[PDB]
Each structure stands twice: as structure tokens, then as C-alpha cells.
$ cat entry_22.pdb   # PDB, C-alpha atoms
ATOM      1  CA  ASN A   1      66.393  73.569 111.492
ATOM      2  CA  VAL A   2      66.435  76.281 108.832
ATOM      3  CA  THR A   3      69.676  75.078 107.226
ATOM      4  CA  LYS A   4      67.699  72.008 106.111
ATOM      5  CA  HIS A   5      57.146  77.048 102.869
ATOM      6  CA  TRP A   6      59.282  79.969 104.038
ATOM      7  CA  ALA A   7      56.110  81.918 104.838
ATOM      8  CA  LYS A   8      55.691  79.921 108.054
ATOM      9  CA  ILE A   9      59.212  80.735 109.271
ATOM     10  CA  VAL A  10      58.887  84.399 108.320
ATOM     11  CA  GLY A  11      55.526  84.676 110.066
ATOM     12  CA  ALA A  12      56.943  83.035 113.181
ATOM     13  CA  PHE A  13      59.795  85.556 113.180
ATOM     14  CA  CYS A  14      57.375  88.439 112.643
ATOM     15  CA  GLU A  15      55.066  87.401 115.473
ATOM     16  CA  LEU A  16      57.947  86.718 117.869
ATOM     17  CA  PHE A  17      59.802  90.029 117.496
ATOM     18  CA  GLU A  18      56.963  91.753 119.368
ATOM     19  CA  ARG A  19      57.463  89.279 122.214
ATOM     20  CA  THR A  20      61.228  89.835 122.173
ATOM     21  CA  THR A  21      60.880  93.630 122.279
ATOM     22  CA  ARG A  22      62.485  91.693 132.984
ATOM     23  CA  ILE A  23      63.367  94.354 130.428
ATOM     24  CA  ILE A  24      67.037  93.344 130.430
ATOM     25  CA  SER A  25      65.941  89.809 129.562
ATOM     26  CA  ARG A  26      64.005  91.133 126.564
ATOM     27  CA  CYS A  27      67.036  93.135 125.432
ATOM     28  CA  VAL A  28      69.252  90.057 125.785
ATOM     29  CA  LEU A  29      66.880  87.973 123.664
ATOM     30  CA  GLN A  30      66.707  90.748 121.061
ATOM     31  CA  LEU A  31      70.510  90.891 120.863
ATOM     32  CA  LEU A  32      70.752  87.114 120.597
ATOM     33  CA  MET A  33      68.093  86.978 117.894
ATOM     34  CA  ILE A  34      69.629  89.698 115.729
ATOM     35  CA  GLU A  35      72.932  87.844 116.092
ATOM     36  CA  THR A  36      71.051  84.694 115.064
ATOM     37  CA  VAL A  37      69.725  86.436 111.953
ATOM     38  CA  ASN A  38      73.265  87.582 111.150
ATOM     39  CA  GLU A  39      74.766  84.113 111.575
ATOM     40  CA  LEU A  40      71.913  82.607 109.557
ATOM     41  CA  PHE A  41      71.862  84.887 106.529
ATOM     42  CA  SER A  42      75.656  84.981 106.427
ATOM     43  CA  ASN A  43      75.297  81.433 105.088
ATOM     44  CA  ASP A  44      75.275  81.374 101.300
ATOM     45  CA  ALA A  45      72.836  78.464 100.937
ATOM     46  CA  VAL A  46      69.954  79.936 102.944
ATOM     47  CA  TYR A  47      70.609  83.351 101.397
ATOM     48  CA  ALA A  48      70.382  81.858  97.904
ATOM     49  CA  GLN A  49      67.285  79.811  98.767
ATOM     50  CA  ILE A  50      65.154  82.384 100.612
ATOM     51  CA  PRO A  51      62.571  84.214  98.475
ATOM     52  CA  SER A  52      63.331  87.899  98.048
ATOM     53  CA  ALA A  53      59.976  88.941  99.519
ATOM     54  CA  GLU A  54      60.646  86.935 102.687
ATOM     55  CA  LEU A  55      64.141  88.404 102.978
ATOM     56  CA  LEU A  56      62.651  91.886 102.627
ATOM     57  CA  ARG A  57      60.120  91.046 105.341
ATOM     58  CA  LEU A  58      62.940  90.010 107.677
ATOM     59  CA  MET A  59      64.807  93.197 106.790
ATOM     60  CA  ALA A  60      61.683  95.223 107.590
ATOM     61  CA  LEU A  61      61.515  93.480 110.969
ATOM     62  CA  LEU A  62      65.173  94.340 111.534
ATOM     63  CA  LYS A  63      64.520  97.975 110.590
ATOM     64  CA  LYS A  64      61.629  98.025 113.061
ATOM     65  CA  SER A  65      63.984  96.766 115.770
ATOM     66  CA  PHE A  66      66.499  99.458 114.787
ATOM     67  CA  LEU A  67      63.825 102.157 115.035
ATOM     68  CA  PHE A  68      62.630 100.886 118.418
ATOM     69  CA  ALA A  69      66.199 100.911 119.731
ATOM     70  CA  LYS A  70      66.847 104.403 118.353
ATOM     71  CA  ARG A  71      63.602 105.714 119.847
ATOM     72  CA  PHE A  72      64.473 104.273 123.257
ATOM     73  CA  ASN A  73      68.052 105.569 123.253
ATOM     74  CA  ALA A  74      67.101 108.910 121.671
ATOM     75  CA  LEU A  75      72.611 100.392 122.489
ATOM     76  CA  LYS A  76      74.426  97.355 121.113
ATOM     77  CA  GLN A  77      71.147  96.114 119.627
ATOM     78  CA  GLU A  78      70.830  99.214 117.435
ATOM     79  CA  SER A  79      74.369  98.883 116.081
ATOM     80  CA  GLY A  80      73.972  95.160 115.444
ATOM     81  CA  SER A  81      70.628  95.575 113.696
ATOM     82  CA  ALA A  82      72.034  98.360 111.523
ATOM     83  CA  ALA A  83      75.121  96.326 110.631
ATOM     84  CA  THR A  84      73.160  93.217 109.677
ATOM     85  CA  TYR A  85      70.497  95.178 107.789
ATOM     86  CA  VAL A  86      72.848  97.342 105.754
ATOM     87  CA  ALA A  87      75.269  94.491 105.037
ATOM     88  CA  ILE A  88      72.456  92.315 103.711
ATOM     89  CA  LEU A  89      71.053  95.181 101.629
ATOM     90  CA  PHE A  90      74.445  95.554  99.958
ATOM     91  CA  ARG A  91      74.379  91.777  99.508
ATOM     92  CA  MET A  92      71.241  92.391  97.434
ATOM     93  CA  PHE A  93      73.320  94.459  95.010
ATOM     94  CA  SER A  94      63.179  93.906  93.531
ATOM     95  CA  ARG A  95      66.358  95.921  93.015
ATOM     96  CA  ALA A  96      64.551  99.262  93.279
ATOM     97  CA  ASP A  97      62.665  98.181  96.408
ATOM     98  CA  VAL A  98      65.869  97.305  98.267
ATOM     99  CA  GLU A  99      67.590 100.390  96.832
ATOM    100  CA  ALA A 100      64.920 102.691  98.265
ATOM    101  CA  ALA A 101      65.241 100.945 101.648
ATOM    102  CA  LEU A 102      69.060 101.175 101.785
ATOM    103  CA  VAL A 103      70.143 104.725 100.907
ATOM    104  CA  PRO A 104      68.191 106.401 103.768
ATOM    105  CA  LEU A 105      69.774 103.955 106.217
ATOM    106  CA  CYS A 106      73.237 104.802 104.909
ATOM    107  CA  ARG A 107      72.529 108.526 105.207
ATOM    108  CA  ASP A 108      71.248 108.074 108.762
ATOM    109  CA  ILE A 109      74.199 105.940 109.859
ATOM    110  CA  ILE A 110      76.758 108.322 108.344
ATOM    111  CA  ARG A 111      75.058 111.295 110.006
ATOM    112  CA  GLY A 112      75.020 109.444 113.322
ATOM    113  CA  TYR A 113      78.693 108.503 113.091
ATOM    114  CA  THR A 114      79.617 112.099 112.259
ATOM    115  CA  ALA A 115      77.461 113.451 115.099
ATOM    116  CA  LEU A 116      78.870 111.000 117.661
ATOM    117  CA  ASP A 117      80.661 112.655 120.564
ATOM    118  CA  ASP A 118      84.406 112.141 120.207
ATOM    119  CA  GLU A 119      85.220 111.974 123.932
ATOM    120  CA  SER A 120      81.945 111.237 125.758
ATOM    121  CA  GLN A 121      80.876 108.568 123.235
ATOM    122  CA  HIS A 122      84.117 106.713 122.515
ATOM    123  CA  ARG A 123      82.386 103.364 123.050
ATOM    124  CA  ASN A 124      79.671 104.363 120.576
ATOM    125  CA  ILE A 125      82.302 105.454 118.047
ATOM    126  CA  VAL A 126      84.117 102.127 118.416
ATOM    127  CA  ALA A 127      80.831 100.258 117.972
ATOM    128  CA  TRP A 128      79.815 102.242 114.876
ATOM    129  CA  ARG A 129      83.246 102.219 113.200
ATOM    130  CA  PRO A 130      83.125  98.709 111.630
ATOM    131  CA  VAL A 131      79.617  99.140 110.230
ATOM    132  CA  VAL A 132      80.447 102.559 108.764
ATOM    133  CA  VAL A 133      83.590 101.254 107.094
ATOM    134  CA  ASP A 134      81.510  98.316 105.828
ATOM    135  CA  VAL A 135      78.997 100.706 104.242
ATOM    136  CA  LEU A 136      81.795 102.745 102.687
ATOM    137  CA  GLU A 137      83.489  99.673 101.210
ATOM    138  CA  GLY A 138      80.122  98.357 100.021
ATOM    139  CA  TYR A 139      79.683 101.509  97.964
ATOM    140  CA  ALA A 140      82.420 100.030  95.765
ATOM    141  CA  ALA A 141      79.933  97.279  94.883
ATOM    142  CA  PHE A 142      77.463  99.757  93.372
ATOM    143  CA  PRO A 143      77.469  99.878  89.554
ATOM    144  CA  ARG A 144      78.518 102.980  87.627
ATOM    145  CA  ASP A 145      74.976 104.330  87.263
ATOM    146  CA  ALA A 146      73.903 103.740  90.872
ATOM    147  CA  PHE A 147      77.142 105.238  92.203
ATOM    148  CA  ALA A 148      76.339 108.484  90.384
ATOM    149  CA  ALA A 149      72.651 108.195  91.326
ATOM    150  CA  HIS A 150      73.241 109.307  94.930
ATOM    151  CA  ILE A 151      76.489 111.251  94.465
ATOM    152  CA  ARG A 152      74.740 114.593  95.013
ATOM    153  CA  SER A 153      72.742 113.066  97.879
ATOM    154  CA  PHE A 154      75.717 111.508  99.696
ATOM    155  CA  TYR A 155      78.969 113.380  98.951
ATOM    156  CA  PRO A 156      78.379 116.183 101.522
ATOM    157  CA  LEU A 157      77.516 113.599 104.178
ATOM    158  CA  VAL A 158      80.684 111.581 103.552
ATOM    159  CA  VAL A 159      83.247 114.363 103.031
ATOM    160  CA  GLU A 160      83.013 115.548 106.653
ATOM    161  CA  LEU A 161      84.230 112.193 108.018
ATOM    162  CA  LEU A 162      87.910 113.079 107.612
ATOM    163  CA  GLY A 163      87.500 116.146 109.833
ATOM    164  CA  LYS A 164      87.402 113.821 112.830
ATOM    165  CA  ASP A 165      90.187 111.334 113.504
ATOM    166  CA  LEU A 166      89.772 108.334 111.204
ATOM    167  CA  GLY A 167      91.250 104.850 111.325
ATOM    168  CA  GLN A 168      93.225 103.014 108.672
ATOM    169  CA  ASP A 169      90.214 100.904 107.678
ATOM    170  CA  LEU A 170      88.042 103.995 107.289
ATOM    171  CA  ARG A 171      90.999 105.678 105.570
ATOM    172  CA  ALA A 172      91.075 102.999 102.873
ATOM    173  CA  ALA A 173      87.284 102.880 102.560
ATOM    174  CA  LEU A 174      87.057 106.650 102.117
ATOM    175  CA  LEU A 175      89.972 106.646  99.669
ATOM    176  CA  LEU A 176      88.336 104.013  97.467
ATOM    177  CA  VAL A 177      84.905 105.640  97.577
ATOM    178  CA  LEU A 178      86.258 109.089  96.693
ATOM    179  CA  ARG A 179      88.472 107.702  93.923
ATOM    180  CA  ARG A 180      85.339 106.074  92.519
ATOM    181  CA  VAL A 181      83.580 109.429  92.968
ATOM    182  CA  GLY A 182      86.230 111.185  90.901
ATOM    183  CA  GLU A 183      86.234 108.442  88.271
ATOM    184  CA  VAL A 184      82.458 108.546  87.799
ATOM    185  CA  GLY A 185      82.303 112.344  87.963
ATOM    186  CA  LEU A 186      85.477 113.687  86.372
ATOM    187  CA  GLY A 187      87.910 110.785  86.005
TER     188      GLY A 187
ATOM    189  CA  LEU B   1     118.114 119.137 101.984
ATOM    190  CA  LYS B   2     116.669 121.949 104.087
ATOM    191  CA  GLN B   3     117.265 124.372 101.210
ATOM    192  CA  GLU B   4     115.129 122.199  98.924
ATOM    193  CA  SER B   5     112.156 122.459 101.280
ATOM    194  CA  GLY B   6     112.926 126.088 102.091
ATOM    195  CA  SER B   7     113.174 127.244  98.483
ATOM    196  CA  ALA B   8     109.979 125.441  97.477
ATOM    197  CA  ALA B   9     108.093 126.739 100.520
ATOM    198  CA  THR B  10     109.081 130.314  99.691
ATOM    199  CA  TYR B  11     108.430 129.762  95.979
ATOM    200  CA  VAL B  12     104.884 128.427  96.248
ATOM    201  CA  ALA B  13     103.828 130.841  99.005
ATOM    202  CA  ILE B  14     104.763 133.937  97.001
ATOM    203  CA  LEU B  15     103.245 132.512  93.817
ATOM    204  CA  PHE B  16      99.993 131.909  95.690
ATOM    205  CA  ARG B  17     100.217 135.526  96.847
ATOM    206  CA  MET B  18     100.220 136.481  93.154
ATOM    207  CA  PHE B  19      96.571 135.432  92.853
ATOM    208  CA  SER B  20     101.343 138.431  84.468
ATOM    209  CA  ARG B  21      98.418 136.459  85.876
ATOM    210  CA  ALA B  22      98.848 133.648  83.346
ATOM    211  CA  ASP B  23     102.653 133.693  83.535
ATOM    212  CA  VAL B  24     102.719 133.043  87.285
ATOM    213  CA  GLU B  25     100.062 130.334  86.920
ATOM    214  CA  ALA B  26     102.169 128.510  84.329
ATOM    215  CA  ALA B  27     105.084 128.547  86.795
ATOM    216  CA  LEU B  28     102.980 127.545  89.831
ATOM    217  CA  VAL B  29     100.905 124.505  88.836
ATOM    218  CA  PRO B  30     103.913 122.337  87.806
ATOM    219  CA  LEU B  31     105.548 123.141  91.146
ATOM    220  CA  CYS B  32     102.419 122.164  93.081
ATOM    221  CA  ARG B  33     102.181 118.884  91.170
ATOM    222  CA  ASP B  34     105.815 118.080  91.971
ATOM    223  CA  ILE B  35     105.627 118.848  95.697
ATOM    224  CA  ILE B  36     102.410 116.860  96.172
ATOM    225  CA  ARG B  37     103.944 113.834  94.447
ATOM    226  CA  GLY B  38     107.123 114.216  96.490
ATOM    227  CA  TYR B  39     105.285 114.256  99.817
ATOM    228  CA  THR B  40     103.506 110.981  99.049
ATOM    229  CA  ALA B  41     106.700 109.419  97.678
ATOM    230  CA  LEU B  42     108.501 110.218 100.943
ATOM    231  CA  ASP B  43     109.379 107.164 103.008
ATOM    232  CA  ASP B  44     107.120 106.998 106.055
ATOM    233  CA  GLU B  45     109.740 105.525 108.409
ATOM    234  CA  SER B  46     113.172 106.100 106.828
ATOM    235  CA  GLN B  47     112.317 109.694 105.839
ATOM    236  CA  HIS B  48     110.328 110.917 108.840
ATOM    237  CA  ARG B  49     112.478 114.055 109.029
ATOM    238  CA  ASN B  50     111.684 114.862 105.393
ATOM    239  CA  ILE B  51     107.961 114.332 106.006
ATOM    240  CA  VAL B  52     108.081 116.734 108.955
ATOM    241  CA  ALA B  53     110.070 119.155 106.794
ATOM    242  CA  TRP B  54     107.566 118.947 103.923
ATOM    243  CA  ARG B  55     104.451 118.966 106.130
ATOM    244  CA  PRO B  56     104.134 122.759 106.696
ATOM    245  CA  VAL B  57     104.550 123.585 103.004
ATOM    246  CA  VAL B  58     102.260 120.909 101.541
ATOM    247  CA  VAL B  59      99.434 122.027 103.822
ATOM    248  CA  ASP B  60     100.243 125.543 102.613
ATOM    249  CA  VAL B  61      99.835 124.444  98.988
ATOM    250  CA  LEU B  62      96.442 122.858  99.671
ATOM    251  CA  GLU B  63      95.061 125.834 101.602
ATOM    252  CA  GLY B  64      96.036 128.126  98.726
ATOM    253  CA  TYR B  65      93.545 126.388  96.443
ATOM    254  CA  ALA B  66      90.870 128.223  98.423
ATOM    255  CA  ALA B  67      92.442 131.429  97.083
ATOM    256  CA  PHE B  68      91.934 130.296  93.484
ATOM    257  CA  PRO B  69      88.761 131.652  91.853
ATOM    258  CA  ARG B  70      86.022 129.372  90.540
ATOM    259  CA  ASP B  71      87.501 129.298  87.031
ATOM    260  CA  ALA B  72      91.085 128.532  88.074
ATOM    261  CA  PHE B  73      89.974 125.907  90.600
ATOM    262  CA  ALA B  74      88.289 123.917  87.823
ATOM    263  CA  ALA B  75      91.128 124.712  85.402
ATOM    264  CA  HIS B  76      93.431 122.123  87.007
ATOM    265  CA  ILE B  77      90.885 119.853  88.711
ATOM    266  CA  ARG B  78      91.562 117.009  86.268
ATOM    267  CA  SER B  79      95.323 117.601  86.524
ATOM    268  CA  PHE B  80      95.473 117.850  90.335
ATOM    269  CA  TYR B  81      92.705 115.726  91.897
ATOM    270  CA  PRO B  82      94.442 112.332  91.376
ATOM    271  CA  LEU B  83      97.641 113.646  92.966
ATOM    272  CA  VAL B  84      95.937 114.946  96.118
ATOM    273  CA  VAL B  85      93.426 112.141  96.771
ATOM    274  CA  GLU B  86      96.155 109.629  97.671
ATOM    275  CA  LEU B  87      97.360 111.873 100.516
ATOM    276  CA  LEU B  88      94.892 110.491 103.059
ATOM    277  CA  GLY B  89      96.071 106.933 102.389
ATOM    278  CA  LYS B  90      99.172 107.752 104.412
ATOM    279  CA  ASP B  91      98.822 109.043 107.962
ATOM    280  CA  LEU B  92      97.680 112.671 107.912
ATOM    281  CA  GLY B  93      97.857 115.295 110.630
ATOM    282  CA  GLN B  94      95.170 117.622 111.912
ATOM    283  CA  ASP B  95      96.631 120.524 109.926
ATOM    284  CA  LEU B  96      96.395 118.631 106.633
ATOM    285  CA  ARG B  97      92.886 117.422 107.513
ATOM    286  CA  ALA B  98      91.413 120.926 107.356
ATOM    287  CA  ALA B  99      93.503 121.788 104.294
ATOM    288  CA  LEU B 100      92.360 118.643 102.485
ATOM    289  CA  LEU B 101      88.743 119.060 103.608
ATOM    290  CA  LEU B 102      88.376 122.618 102.307
ATOM    291  CA  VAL B 103      89.837 121.886  98.872
ATOM    292  CA  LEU B 104      87.808 118.719  98.248
ATOM    293  CA  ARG B 105      84.599 120.361  99.462
ATOM    294  CA  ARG B 106      85.420 123.104  96.972
ATOM    295  CA  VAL B 107      86.127 120.326  94.457
ATOM    296  CA  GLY B 108      82.617 118.976  94.937
ATOM    297  CA  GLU B 109      81.148 122.483  94.945
ATOM    298  CA  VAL B 110      82.811 123.442  91.659
ATOM    299  CA  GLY B 111      82.192 120.000  90.163
ATOM    300  CA  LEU B 112      78.824 118.805  91.440
ATOM    301  CA  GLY B 113      77.872 121.026  94.377
TER     302      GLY B 113
END
$ encode --input "entry_22.pdb" --output "C-alpha cells"
Amino acid sequence: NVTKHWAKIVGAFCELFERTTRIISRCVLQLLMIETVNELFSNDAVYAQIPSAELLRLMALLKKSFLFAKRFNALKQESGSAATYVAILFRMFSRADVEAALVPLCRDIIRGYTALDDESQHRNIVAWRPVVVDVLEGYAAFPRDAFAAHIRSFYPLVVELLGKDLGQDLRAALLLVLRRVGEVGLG
Amino acid sequence: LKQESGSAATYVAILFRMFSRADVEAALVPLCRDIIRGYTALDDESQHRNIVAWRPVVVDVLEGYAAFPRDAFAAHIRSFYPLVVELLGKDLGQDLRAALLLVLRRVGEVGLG
């Protein structure tokens, strides 16, 4: 339906996320709907046609779902919501509004990945690995000024990743981000 | 082959123990640049023995950068950061992880931290 007035759709989404949030059924619908949002906004046409305010409203809904999941657990729904949210917010890079709503999420997700238990949370580490490497590779998309805007606010959080065992994907992502760090700082 | 790793390992370790002061530095930095480049240029599969041979000394070079003062650490930051950053592209052991982590955290501390 939506691949072929956006306020109505956005309002429907907004008013239905409260319904989505017995309990296992609600969690299943929440997972399916965040996957639906992912599969939808992965399309280039709808992404290019949606107004930015409506997209930000959907992203706020997704952040609310992330916060609800985090509050309950402190599982797959939180990781999926974070992945979709952060990936779309890189796809943004109006600009300042999405920028202010993206850096805290990146800091939180990096801190969570670092603080994950290596042995008792192997499933959580596996779940969070692709989204973390996606964030790290998306830092390459930042311009020169924005990359140095949060260098002092993100370098300590990202340096500690290599202390734990890191995969080849995260290896490459970290290598590119730190080479960019050196280039914009000293290089 | 073993002598090449053995001589360099003894050479860099004593020169790190030095930190007259300028003379030893002029004879230490070029060695550290060469050994770091050599370790990366080692073949991962056809030179696994060489990598194992060069592993204990390269991690010894990196840990010695903690012994440099603030001035000397930033003296060769532009001439040594590009050589060391590519290390983590190849598979790295636990020993090199701590050695790399301390120097780059110091790199940020002396540069931006």
C-alpha cells in the first residue's frame, strides 16, 4: 500500500505502536513491525518521497520502542530497533536535528557493546556485532567537519573495542575510522 | 634468519632502556620504523614462522612507546602513526592488543586527550 498525505500513515503508526507494545504475542508483533519499517525504508523510492518530519516522527517512535525494550531488559527487538534507527540516521547524512538524535545513540550502543559479557552474553555480542560495525563504517560517511566534531566525544569510547576479541568486519571498520581520525587530526 | 630477529630484538630493547640522549634516539626511531613495516610485510601463510619470530619483539617495540616522555611521544607521532595503524588489519594476538591499545590511547592523550 505504501509503495504506491503521509500524516495519516504516520499517525496510524504512532497510535498503533502503543497497541503493539499474550505478552509474547505483543513482542512478536513489535519485532515484525520493526522489521516492516526496515524493509520499507530500505526502499529508495519511499525514502526519497517521505517528508523529513514524518521520517523523524517514525524514528522517534523507533527510539521509544528501543527505550521500552532497554527498560524491560535492564532482546532481539532492541537490537533490531537500534540497527534500523541508526542506519537510517546515517542515511540522513534538518541536518542538526538528526545529528543531535544520532550521536547519543552511537555512544550508547558502543558503550553497550563494550560492556557486553564476553562469555555469558555471547548471543548478545553476536546480535550487536553487525550493528556496531555498521555504525563504525557509517562514520566514514561523515564529512570532515562533523568527523572532528565528535572526535573528543567518541575516541575514548571507540578505542577500547580492540581490547576484546574483534572480528574481521569490525577490524576493517575500526581501521578505516581510526585512519580517518588520524587524517582529520594529524594526517 | 633467527639472527636477524635476535639482533633486532636485542638492539631495540637496549635502546629503549636508554630512555647521548639524542644520539640513541637517532639510532632507534629508524629501526622501529623498519621492524614495524617488516612485520606487516610478512606473508601471513607462507611466512608464519617469521611472524611468530617477529611477534615478541614487535610487541616489545610498541610497549616501549609508553616509556617515551610526552615530548618524545609527539616527536615521532606523524612519522610513526601510519606505520602502526595498519597492524590491526592483519590478525593480531592478545599480547599485541594491549601493546597497541596503550600506545594509541597515549596517541589520543598527547594529541587530543
$ interface_residues --input "entry_22.pdb" --of "chain A" --to "chain B" --cutoff "7 Å" --atoms "only C-alpha atoms" --output "number ranges by chain"
A: 152, 162-163, 171-172, 175, 186
$ write_last_selection --input "entry_22.pdb" --atoms "C-alpha atoms" --output "mmCIF file, in the coordinates of the input"
data_model
loop_
_atom_site.group_PDB
_atom_site.id
_atom_site.type_symbol
_atom_site.label_atom_id
_atom_site.label_comp_id
_atom_site.auth_asym_id
_atom_site.auth_seq_id
_atom_site.Cartn_x
_atom_site.Cartn_y
_atom_site.Cartn_z
ATOM 1 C CA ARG A 152 74.740 114.593 95.013
ATOM 2 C CA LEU A 162 87.910 113.079 107.612
ATOM 3 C CA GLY A 163 87.500 116.146 109.833
ATOM 4 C CA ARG A 171 90.999 105.678 105.570
ATOM 5 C CA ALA A 172 91.075 102.999 102.873
ATOM 6 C CA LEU A 175 89.972 106.646 99.669
ATOM 7 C CA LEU A 186 85.477 113.687 86.372
#
$ residues_around --input "entry_22.pdb" --residues "residue A:13" --least-positions-apart "4" --cutoff "8 Å" --atoms "only C-alpha atoms" --output "short mmCIF file (atom, residue, chain, number, x, y, z; two decimals) with C-alpha atoms, in the coordinates of the input"
data_model
loop_
_atom_site.label_atom_id
_atom_site.label_comp_id
_atom_site.auth_asym_id
_atom_site.auth_seq_id
_atom_site.Cartn_x
_atom_site.Cartn_y
_atom_site.Cartn_z
CA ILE A 9 59.21 80.74 109.27
CA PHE A 17 59.80 90.03 117.50
CA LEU A 58 62.94 90.01 107.68
#
$ atom_distance --input "entry_22.pdb" --atom1 "atom CA of residue A:44" --atom2 "atom CA of residue A:147"
25.6 Å
$ residues_around --input "entry_22.pdb" --residues "residue B:34" --least-positions-apart "5" --cutoff "12 Å" --atoms "all atoms listed in the file" --output "PyMOL selection string"
chain B and resi 8+12+27-29+39-41+58+61+79-80+83-84
$ resolve_selection --input "entry_22.pdb" --expression "the PyMOL selection byres ((chain A and resi 69) around 12)" --output "ChimeraX atom specification"
/A:21,27,30-31,62-68,70-82
$ write_last_selection --input "entry_22.pdb" --atoms "C-alpha atoms" --output "PDB file, in the frame of the given file"
ATOM      1  CA  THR A  21      60.880  93.630 122.279  1.00  0.00           C
ATOM      2  CA  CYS A  27      67.036  93.135 125.432  1.00  0.00           C
ATOM      3  CA  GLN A  30      66.707  90.748 121.061  1.00  0.00           C
ATOM      4  CA  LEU A  31      70.510  90.891 120.863  1.00  0.00           C
ATOM      5  CA  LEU A  62      65.173  94.340 111.534  1.00  0.00           C
ATOM      6  CA  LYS A  63      64.520  97.975 110.590  1.00  0.00           C
ATOM      7  CA  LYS A  64      61.629  98.025 113.061  1.00  0.00           C
ATOM      8  CA  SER A  65      63.984  96.766 115.770  1.00  0.00           C
ATOM      9  CA  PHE A  66      66.499  99.458 114.787  1.00  0.00           C
ATOM     10  CA  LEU A  67      63.825 102.157 115.035  1.00  0.00           C
ATOM     11  CA  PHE A  68      62.630 100.886 118.418  1.00  0.00           C
ATOM     12  CA  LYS A  70      66.847 104.403 118.353  1.00  0.00           C
ATOM     13  CA  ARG A  71      63.602 105.714 119.847  1.00  0.00           C
ATOM     14  CA  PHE A  72      64.473 104.273 123.257  1.00  0.00           C
ATOM     15  CA  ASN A  73      68.052 105.569 123.253  1.00  0.00           C
ATOM     16  CA  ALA A  74      67.101 108.910 121.671  1.00  0.00           C
ATOM     17  CA  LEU A  75      72.611 100.392 122.489  1.00  0.00           C
ATOM     18  CA  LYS A  76      74.426  97.355 121.113  1.00  0.00           C
ATOM     19  CA  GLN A  77      71.147  96.114 119.627  1.00  0.00           C
ATOM     20  CA  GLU A  78      70.830  99.214 117.435  1.00  0.00           C
ATOM     21  CA  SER A  79      74.369  98.883 116.081  1.00  0.00           C
ATOM     22  CA  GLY A  80      73.972  95.160 115.444  1.00  0.00           C
ATOM     23  CA  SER A  81      70.628  95.575 113.696  1.00  0.00           C
ATOM     24  CA  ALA A  82      72.034  98.360 111.523  1.00  0.00           C
TER      25      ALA A  82
END
$ resolve_selection --input "entry_22.pdb" --expression "the PyMOL selection byres ((chain B and resi 50) around 12)" --output "VMD selection string"
chain B and resid 1 to 6 38 to 49 51 to 58
$ axis_aligned_box --input "entry_22.pdb" --around "stretch 133-142 of chain A" --padding-each-side "4 Å" --output "lines of an AutoDock Vina configuration file"
center_x = 80.5
center_y = 100.0
center_z = 100.2
size_x = 14.1
size_y = 13.5
size_z = 21.7
